[PDB]
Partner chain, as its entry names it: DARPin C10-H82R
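Coming up is one lone chain in C-alpha cells, specifically the form deposited without its partner chain.
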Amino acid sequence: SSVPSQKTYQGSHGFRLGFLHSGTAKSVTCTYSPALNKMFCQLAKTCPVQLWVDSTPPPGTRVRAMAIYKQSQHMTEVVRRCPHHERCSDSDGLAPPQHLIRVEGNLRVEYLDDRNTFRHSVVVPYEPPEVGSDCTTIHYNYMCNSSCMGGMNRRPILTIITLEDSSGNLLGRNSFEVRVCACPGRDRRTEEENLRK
C-alpha cells in the first residue's frame, strides 16, 4: 500500500500533541519518552494522548490515528494484528478484530478499512477542551505486542495523528513512535540509557 505521510504539519490551527509525565517504574503501563518521541505501553492498556491547538478548528473536524511501520523496508506493509490475537475474540463490540489501534471511552468512534489502500485507522470527532482544561485527551489502546508473530514481528511502528476536515482534507499532522511490550518502564529506561551512554 502507498505510504501515508508522517511529516509533522502543525497547520493553521497549531496542532500539537502532549503526553503525561511518567516515569520508568517497572509497574508502569504507559510511559512516554520525550527524548525518543516514543510511547512505551502494554497491550490493551490506556494510552492517553493530548490534542493541543492554538485556534479551535471548525465544526466537523475529526482526529484520525493510524499506525505505519517506521523502517523504510516495511513502510509499504499495512500494520495489522497478528492472526492469533485477531481470532482471540476480544472486541469491544465496535472495533474490528484485526485493528491494532482502538479508542476507548468515546461514543462516536469510527473504524476505517481503507477501500483502496487497505490501511486501518480509527477516527473520532474533534471536541474542544471543556471548561478548565486546555487540551483534549484521547485514550488509545494497542492490541498486539511489538513482538507478535504474524503481526508487527518486532518491527517498530509510528502512530500518525491527523487533524482532518469532515472530507479527509489535512489540517494538521503529528506522530510518535510506539513500542508495545510487557514492561514499558524497563524498556524505556534501557532505550534511554542506551541513547545517553
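Numbering follows the first chain given and starts at 1.
Quick note: we don't show the form solved in complex with its partner chain, though the next part is all about it.
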item	value
Touches its partner chain in the deposited complex: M39 (any heavy atom, 4.5 Å)	no
Partner proximity in the deposited complex: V53 to its partner chain, non-hydrogen atom cutoff 4.5 Å	yes
Members of 139-158 lying within 4.5 angstroms of its partner chain, judged by heavy atom, in the deposited complex	none
